[PDB]
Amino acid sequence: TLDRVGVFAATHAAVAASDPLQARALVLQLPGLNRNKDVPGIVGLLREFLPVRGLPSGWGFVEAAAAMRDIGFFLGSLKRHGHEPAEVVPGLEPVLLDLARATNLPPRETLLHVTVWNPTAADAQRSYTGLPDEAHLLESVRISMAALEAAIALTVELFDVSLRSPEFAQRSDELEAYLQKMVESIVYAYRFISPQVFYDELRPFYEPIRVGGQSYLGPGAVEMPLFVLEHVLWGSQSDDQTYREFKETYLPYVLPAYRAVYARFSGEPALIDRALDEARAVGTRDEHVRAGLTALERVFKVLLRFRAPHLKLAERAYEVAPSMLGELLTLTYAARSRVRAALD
């Protein structure tokens, strides 16, 4: 039904199938060492597969990203136990910088590496903790990542579609359907992840580390390129400084193609701004304008159906939540209100 997902899932699978360092059996031993708080052991295990003579010349994006995944779980782990990985693992930093170069991504593991680029099988899936709650956490992202990527494409396409065209309503309805996957992710996360286990056992693995003289944030669904989609959709011309800073903070962590989309739309009115302007010019007596606006409103509804429950999810875990969440929620409500005002 959501036919556009396939190509994105296939691209994810290529990295997930790659094991260029033959590290699968080794990384699977990491959870045990974490449980034992065995820092020398963790370093020792990493040094069993960490390249010491640079990267094999034949590697492309896929191998480099897969290598970063496998090294990456050791990064979050060492930091969890209170150590900067670059400080305790000799020769690690040059490898991380080389892998960053090869992938055009930060010099550590990101959400992509630990979720959609991470194989799904029990005898292959990499994990910090080996806990079922972590497996559920990763599953929650896998539910919606490909759909979100498809949704970014649909949003960019919709940008150039006239509100006067029947296509506007059709594409918006299609966009809504892909975004529904985000809602499904939160339902799954709320049902299957223990807040206590998340806060006490998982959260400590996602702390920032220092590489190349700056700090890089750990993996999180906050790195999902939803903020890029919404930049195009409603946020590009926002004067909200904190919101602007949020986007600029996470921009480095998303795929190069999405950083390019972000740049393309920064100096432009957002989709909503163009659509509402077109509606005032043409009038809502045009049925395609009415239907377009109504369909657009449903896109905002689904975004709110992700964002509101997510805030509850976050609050429950953190009661064992960051102000930015509430602030973004308020901005989203205001965006929807603009669409609703245009229909009155």
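Residues carry their position along the shown sequence, with the first being 1.
Enquirer: Between residues given as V320 and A321, how many of the deposited sequence are not built: none, 1 to 3, 4 to 9, or 10 or more?
Expert: Count of unmodelled residues in between: 10 or more.
Enquirer: Look over 235-243 and 143-151 in the entry and identify the one with the greater average Cα temperature factor.
Expert: Per the deposited B-factors, the answer is 235-243.
Enquirer: On mean Cα temperature factor in this entry, is 73-81 or 263-271 the higher one?
Expert: If you average the C-alpha B-factors of 73-81 and of 263-271, the larger mean comes out for 263-271.
Enquirer: Lowest, middle or highest third: where is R210 by C-alpha B factor in its chain?
Expert: For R210, the deposited C-alpha B-factor lands in the lowest third.
Enquirer: Taking the C-alpha B-factors as the PDB entry records them, is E278 in the lowest, middle or highest third of its chain?
Expert: Tercile = lowest for this residue's CA B-factor.
Enquirer: Per the entry's values, where does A65 land by CA temperature factor relative to the rest of its chain, in the lowest, middle or highest third?
Expert: According to the entry, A65 has a C-alpha B-factor in the chain's lowest third.
Enquirer: Can you work out whether the C-alpha temperature factor of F198 puts it in the lowest, middle or highest third of the chain?
Expert: It falls in the middle third of the chain.
Enquirer: Taking the chain's C-alpha temperature factors as the reference, tell me which third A14 falls into: lowest, middle or highest.
Expert: Middle third - that is where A14 ends up once the chain's C-alpha B-factors are sorted.
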